[PDB]
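Next up is one chain by itself, shown in structure tokens, the form deposited in one PDB entry.
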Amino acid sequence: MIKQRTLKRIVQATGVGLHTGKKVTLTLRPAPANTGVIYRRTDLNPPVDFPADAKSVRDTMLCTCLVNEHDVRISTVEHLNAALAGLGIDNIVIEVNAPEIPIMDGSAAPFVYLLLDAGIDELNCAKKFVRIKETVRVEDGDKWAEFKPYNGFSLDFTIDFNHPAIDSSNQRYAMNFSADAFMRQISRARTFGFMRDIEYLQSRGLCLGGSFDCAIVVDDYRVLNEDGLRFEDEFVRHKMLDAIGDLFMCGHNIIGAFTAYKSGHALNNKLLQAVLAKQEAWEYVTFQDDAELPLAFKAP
């Protein structure tokens, strides 16, 4: 049986919030099967729960949010969610004593290490995959993203920043998706921002957590970070990282081929909801061993 997954033990980590620049404390909790991914703010009393749902997603310039029935929000869920998706974590409670998840280093790697430090626990319950059975496509001008049927997990992402610091040889990246591939190929790819935007926002008291330690920073010319990029094509790899997190808002790993051109959180979620809305475009599938077949159905 391909089993659902949660954590072995409760773990904690502390980091700066991108928006407030204040120190945030993050606690990850194990959860029983069929409970899904739950985000929770504990700086509020009573605490508020935000179940990962494609329809609960709100996008902004600096982050993706989950919103509750009363416009209350938890922010910066995008990269942690990618880490959960990458490790196939079906059930978990994510608590923060603040309105936002810590930005860490701008990638998902720290979250992966944190998850590994907690340990993975396979539950005695069938992991449900969403299988793509029709080609679904969404567009936004020249931008587009599509899902098409495919017996596996594949991502193909193309960007077009036109920025001097991005060579056309690094515009595109395609990979077959697995836990190992996510960790070694994608997890460490960081987000980025323009120096001008960062300084402008911070002159308004915004994006106070922004720094060289939580993102690739570029001007109109080059990458400014001392040690440069982690990959020649870190930018496109991060967009893929972000898509992985976006897709996992349905609460299930997806069997199919995802292809995108200049897409983003908004367009990625739009694709997700489009697939989910089209009932005949998907289905739930589970996998078990021959032995697990009901002793009755072994019937020729």
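So that the term is clear: the rigid core is the largest set of C-alpha atoms that superpose within 1.5 Å between two forms. Residues that one form lacks are left out of the comparison. Just count from 1 along the sequence shown to find any residue number.
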Tell me which stretch has the larger mean Cα B-factor in this entry, 129 to 137 or 218 to 226. 218 to 226
Stretch with the greater mean C-alpha B-factor as recorded in the entry, comparing 291 to 299 against 3 to 11: 291 to 299
For the C-alpha B-factor as written in the entry, point me to the maximum among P46, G256, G251, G264. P46
Name the one of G152, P99, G193, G86 with the greatest CA B-factor according to the PDB entry. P99
Compare the C-alpha B factor of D156 with those of the other modelled residues in its chain, then answer lowest, middle or highest third. lowest
Among the modelled residues of its chain, does the C-alpha B-factor of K239 lie in the lowest, middle or highest third? lowest
Per the entry's values, where does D53 land by CA temperature factor relative to the rest of its chain, in the lowest, middle or highest third? middle
Quick check on the deposited entry: does the C-alpha B-factor of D59 sit in the lowest, middle or highest third of its chain? middle
Once the chain's modelled residues are ordered by C-alpha B factor and cut into thirds, is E78 in the lowest, middle or highest one? lowest
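One more form of this protein, deposited in another entry, exists but is not displayed; see below.
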Could you check, with the core superposed, whether the Cα atom of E280 shifts 2 Å or more between the shown form and the other one? no
Report the shifted segments between the shown form and the other one, defined as three or more consecutive common residues with all CA displacements of at least 2 angstroms relative to the rigid core fit. 160 to 162, 289 to 300
